[PDB]
């Protein structure tokens, strides 16, 4: 099953999330600039409030090929509370090898990457 990227407009950028069923997985971030420099983010799993905008639905491998272009990976440190312990099964169902830590890293870099590039859409 595909990944659905969604966003909320935050004026000078878009804040992205992954919609799965009735929830959105996204980062607790006051703003992308601060987040990018500080190098750490906490994940939230929140009920869909109906105010997210559809961005794109595509296979996970479309997004990982585009943004996870390194078997070395990110400097960014991702954490999550236990309500995110569904993320591996939800977003990587077929993939037994994906631990929660790996899942957060992959999804987190996708969301941060999308948010950073949204700076160019003015």
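Positions refer to the first chain, counted from 1.
The mean Cα B-factor in the deposited entry runs higher for 2-10 than for the other of 2-10 and 112-120. Looking at mean Cα B-factors across 96-104 and 12-20, the upper value is held by 96-104. You'll see in the entry that, of 83, 35, 79, 74, the Cα B factor peaks at 83. Among all modelled residues in its chain, residue 54 ranks in the middle third by Cα B-factor. Among the modelled residues of the chain, residue 63 sits in the middle third by CA temperature factor in this PDB entry.
Residue-level temperature factors show residue 26 in the lowest third of its chain, judged at the C-alpha atom.
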